[PDB]
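Comments concern the structure below.
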Amino acid sequence: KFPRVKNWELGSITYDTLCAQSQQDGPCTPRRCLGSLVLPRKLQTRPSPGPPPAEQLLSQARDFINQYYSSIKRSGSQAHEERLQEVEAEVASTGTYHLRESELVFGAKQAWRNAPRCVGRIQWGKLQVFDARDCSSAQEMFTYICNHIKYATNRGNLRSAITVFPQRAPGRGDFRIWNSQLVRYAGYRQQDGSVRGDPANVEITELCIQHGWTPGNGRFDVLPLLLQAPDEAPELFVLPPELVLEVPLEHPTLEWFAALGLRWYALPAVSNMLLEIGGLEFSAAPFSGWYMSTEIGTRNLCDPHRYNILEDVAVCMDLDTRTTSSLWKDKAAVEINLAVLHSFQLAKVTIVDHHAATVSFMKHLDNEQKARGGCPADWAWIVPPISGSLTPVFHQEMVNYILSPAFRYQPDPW
Amino acid sequence: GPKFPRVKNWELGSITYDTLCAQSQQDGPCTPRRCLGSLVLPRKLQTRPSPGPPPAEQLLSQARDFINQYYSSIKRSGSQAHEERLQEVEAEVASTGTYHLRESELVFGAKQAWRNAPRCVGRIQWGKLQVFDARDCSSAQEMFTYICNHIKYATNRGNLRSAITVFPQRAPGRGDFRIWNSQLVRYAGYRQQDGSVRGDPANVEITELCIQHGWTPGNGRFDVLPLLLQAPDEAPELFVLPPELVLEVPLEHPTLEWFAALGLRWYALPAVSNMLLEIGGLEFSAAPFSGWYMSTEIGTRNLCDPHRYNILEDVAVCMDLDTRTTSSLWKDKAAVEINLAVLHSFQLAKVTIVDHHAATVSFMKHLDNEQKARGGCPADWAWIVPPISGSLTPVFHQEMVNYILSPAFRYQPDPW
Ligand code: HEM
Ligand code: HEM
Ligand SMILES: C[C@H](O)[C@H](O)[C@H]1CNc2nc(N)[nH]c(=O)c2N1
Ligand SMILES: C[C@H](O)[C@H](O)[C@H]1CNc2nc(N)[nH]c(=O)c2N1
Ligand SMILES: N=C(NCCC[C@H](N)C(=O)O)N[N+](=O)[O-]
Ligand SMILES: N=C(NCCC[C@H](N)C(=O)O)N[N+](=O)[O-]
Ligand SMILES: [Zn+2]
């Protein structure tokens with residue numbers, strides 16, 4: 001029942017008892033493991049055909065509230081009971097309820113803390129929670145989003161933050177941010193079928209053009225936002241260039257790298273995920289912290305289905321691109337990651353390398369082992385895309401399981 | 001649509017459905033509640049020493065299943081021969097309590113087992129395996145002769161050939177044939193006074209177990225351990241490998257002259273010798289196998305793991321890198337060069353080796369082949385993706401479904 005978890009570098013061992021609190025099922029079954037799959041369809045968050053059994057929501061809600069009060073140690077107090085009564089009251093009459101700002105702040109933090117795929121969870125306690133449930137239009141989301149970006153960026157000294165927009169309402173549309181991240185480079189499919197820019201953003205780039213945006217023709221054209229208000233066609237808003245901080249990329253000892261004119265934005269801000277707290281679902285809650293160098297240098301720039309600049313660089317490095325055994329890929333990958341780290345540090349913008357980052361995650365596991373008796377972690381996502389066993393987490397066994405509050409994936413609006 | 005795991009490759013955007021997992025008749029460690037897919041040894045395949053023969057009934061189902069597998073592999077499923085072999089196996093379990101495999105059935109099962117290994121990335125070669133039957137073997141001395149012939153044939157003076165040597169299956173009331181060593185060729189780990197370890201820290205226990213058994217220990221970092229071979233109900237005996245049989249490769253770098261000076265070296269033949277080979281229910285406690293190395297096994301795990309040779313620092317210093325700050329990627333840089341050194345050295349020494357790129361590319365080919373032949377392929381992602389340049393290989397972008405198929409290679413408790 002309670003997993004025996006071992007680290008193979010320190011022979012240490014623990015017993016994950018935190019998974020007992022998991023009330024949602026993953027994709028694995030005793031017959032076959034599907035832990036390496038990216039998406040579900042089973043862990044997904046289907047829209048609202050109607051009101052969910054008052055008993056269900058009520059239960060998720062009762063549990064969350066209990067969490068919040070244990071949180072502030074006032075468990076069993078009067079306020080705790082009066083708060084439960086409240087929630088049961090609202091639900092019984094309207095089929096739903098709402099959260100107090102202090103609970104939202106607690107929930108958002110627990111959601112990050114429970115994020116099995118996040119390696120930066122050691123920062124979970126420090127989170128700036130902008131409340132935007134007081135939003136009635138897309139015009140407004142744009143402003144809120146602009147405030148978040150402005151604050152989170154802080155001229156390079158990045159600060160973690162999340163902005164929570166109106167929870168989903170049964171029998172009503174959903175506030176939604178169509179973009180996958182608040183900031184992403186457009187992908188233009190040029191005749192040859194090939195792509196100019198970011199292949200990952202071909203679709204969202206299309207949709208934008210389809211709603212009026214007049215595209216550009218560059219490799220790094222910052223995409224406009226397509227904010228959607230309940231049951232209304234999305235609206236298009238361009239992001240103020242002064243607002244979008246970017247880091248030109250150059251290399252420490254290789255003068256030519258800069259020539260490549262590669263660049264990347266400073267704010268990683270996933271914006272299409274769903275935040276679920278006490279049964280409530282927040283369809284639009286963008287969050288941001290700061291990049292870990294490999295996300296840009298390894299996946300974004302070297303993925304074959306991304307900017308795939310791996311060969312262009314090896315050529316310049318005068319490498320033997322003829323055979324695999326020359327390790328021209330491994331050699332060029334490390335320089336590109338070095339270049340990202342170097343450039344961000346030079347532009348005085350927050351960034352964390354994969355070594356330092358996984359070290360902090362180890363500490364986090366420790367801190368969490370003591371605090372809750374375990375930590376849900378997705379091994380395949382926690383181990384960096386390069387130098388895996390070269391980091392401490394590669395050698396750490398992990399247990400994956402779903403806990404709430406939680407960030408979950410959700411279907412595309414279109 | 002389909003009632004089977006939907007699998008996607010995010011690089012090419014292609015989709016496949018795995019129907020082969022429905023053929024697994026043995027649960028793993030996961031549950032809808034939590035996934036334990038990153039655990040190295042969850043108690044599942046594990047075969048705690050059963051006092052006697054499997055439950056008369058249970059052993060029948062397993063056995064009847066393997067036979068079905070054999071006849072279908074030869075396209076004679078449902079034939080007179082197939083049905084008779086079935087009647088035969090049953091009768092033998094009904095009278096003796098166990099049963100034996102015809103030669104061709106053993107070769108078949110062995111290959112299946114490899115073919116089914118979820119953690120092996122070189123399975124594209126599963127059909128090409130030399131199976132030395134050695135079920136006649138009756139002594140620890142005899143065990144030593146077979147093993148030597150294996151290394152002789154498998155090493156083949158540089159041009160390695162995949163092979164496996166199968167010894168007598170577990171018998172009721174009779175001890176097992178066990179090879180105490182983890183691999184046929186291993187370097188000694190000497191426990192020091194100051195607490196450290198000279199050689200390979202992994203092999204410390206087996207090194208101390210050979211000494212207890214009269215081995216006269218040396219004192220270098222790369223000392224080839226002796227073999228602790230054990231026959232049924234006897235205590236193990238010791239045997240030393242003739243240096244001429246154990247091919248070894250000195251490591252040097254293609255452009256860094258000093259690397260050669262480090263005096264680093266590795267043996268060419270990898271041979272897991274402690275795994276259990278299970279076929280049709282029959283358990284072969286000793287059945288060493290070998291193929292050939294993949295660059296990263298040596299250049300990343302053995303040489304750079306903190307709990308192994310841990311040479312990352314020494315090499316980084318020699319390259320004049322900033323080891324006092326992770327953001328310099330001094331670890332990534334040195335690792336790349338150490339791996340390039342293992343590759344270079346083997347090539348230079350006409351010894352078979354495969355790098356992680358070619359290896360994983362060929363595995364993708366293997367997945368496509370199996371998709372067509374069996375409707376899928378059991379794979380352990382954490383083990384398939386190389387320890388360096390992970391997302392730079394095609395396997396990183398390929399989702400995988402892990403499950404247990406038999407024949408199989410299962411981990412087993414140390415004999416001691
Ligand atoms: C403090 C800086 C942070 C760092 C360094 C960090 C780093 C990471 C990295 C490396 C990933 C994998 C991303 C990928 O490969 O696509 C990840 C995933 C994730 N992080 Fe964090 N994170 C940070 C802050 C945050 C914050 C502020 C939140 C929310 C409050 C958050 C929520 C998540 C979630 C939900 C995922 C998975 C998203 C997905 O499945 O696409 N992270 N994080
Ligand atoms: C000829 C080329 C071969 C290559 C390049 C190859 C490579 C590999 C690699 C990289 C691993 C993981 C090593 C580790 O992480 O410690 C592995 C594991 C394994 N291979 Fe292969 N393999 C080959 C041949 C064989 C043969 C001939 C057999 C058996 C007949 C086999 C059976 C297995 C099994 C059982 C495992 C898992 C062992 C464990 O759990 O530690 N392999 N192979
Ligand atoms: C197929 C496989 O699950 C997929 O490529 C995963 C692997 N590990 C990952 N790890 C992180 N951090 N991010 C990812 O997107 C992935 N992709
Ligand atoms: C803890 C974790 O499961 C462990 O370090 C695994 C990860 N992937 C691996 N992959 C291979 N090929 N070999 C290994 O020994 C491991 N070790
Ligand atoms: N670091 C974070 N990353 C979110 C995903 C970003 C994506 N890998 C990419 O654009 O490369 N989260 N965060 O810090 O909030
Ligand atoms: N390549 C193989 N490796 C088996 C494990 C070897 C181990 N990692 C090591 O010695 O580094 N098997 N094989 O090819 O038969
Ligand atoms: Zn699993």
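In what follows, every chain begins at residue 1, and chains take the letters A, B, ... in the order their sequences are listed. Heavy atoms only: backbone and side chains are in, while hydrogens, waters and symmetry mates are out.
Taken to the nearest 0.5 Å, the CG atom of A:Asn7 stands 8.0 Å off from the NE2 atom of B:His307. For the atom pair NE2 (A:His355) and OG1 (B:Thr325), the distance works out to 10.5 Å, reported to the nearest 0.5 Å. From A:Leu37, atom CG reaches atom CH2 of B:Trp381 across 11.5 Å, with rounding to the nearest 0.5 Å. Going from atom SG of A:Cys33 over to atom CG of B:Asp380 covers 7.5 Å, rounded to the nearest 0.5 Å.
Using a 4.5 Å cut-off between heavy atoms, A:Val38 contacts chain B through both its backbone and its side chain. With a 4.5 angstrom heavy-atom cutoff, A:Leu310 touches chain B only via side-chain atoms. Only the side chain of B:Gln347 comes within contact range of chain A, with at least one heavy atom under 4.5 Å from a heavy atom of that chain. For A:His342, no part sits under 4.5 Å from any heavy atom of chain B, backbone or side chain. Both the backbone and the side chain of A:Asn400 come within contact range of chain B, each with at least one heavy atom under 4.5 Å from a heavy atom of that chain. In this structure, the portions of A:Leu338 lying under 4.5 Å from any heavy atom of chain B include both its backbone and its side chain. Heavy atoms closer than 4.5 Å to chain B are found nowhere in A:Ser293, neither backbone nor side chain. For A:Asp303, the part lying under 4.5 angstrom from a heavy atom of chain B is the side chain only. Neither the backbone nor the side chain of A:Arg306 comes within contact range of chain B; no heavy atom of the residue lies under 4.5 Å from a heavy atom of that chain.
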Practice problem: Verify side-chain contact (heavy atoms from CB on, under 4.5 Å) between A:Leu327 and B:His356, making sure each step is shown before the conclusion. | Solution: CA-CA 9 Å; A:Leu327 303 192; B:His356 52 287; 3.7 Å; yes
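No side-chain N or O of A:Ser325 forms a donor-acceptor pair with one of B:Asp355 less than 3.5 Å apart.
Of the possible donor and acceptor atoms, none in the side chain of B:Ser389 sits under 3.5 Å from a partner among the backbone N and O of A:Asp330. Checked by atom type and distance alone, the side chain of A:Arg31 pairs as donor or acceptor with a backbone atom of B:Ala22 at under 3.5 Å.
Proximity of A:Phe394 to B:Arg301: side-chain heavy atoms (C-beta onward) are separated by under 4.5 Å at one or more points.
In this structure, A:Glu295 places its CD atom where more than 12 heavy-atom neighbours from other residues, nucleotides or ligands lie under 6.0 Å away.
Highest contact tally toward chain B, considering only A:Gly35, A:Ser22, A:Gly11, is held by A:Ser22 [criterion: heavy-atom pairs under 4.5 Å]. Among A:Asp25, A:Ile386, A:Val5, the residue making the largest number of heavy-atom pairs under 4.5 Å with chain B is A:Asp25.
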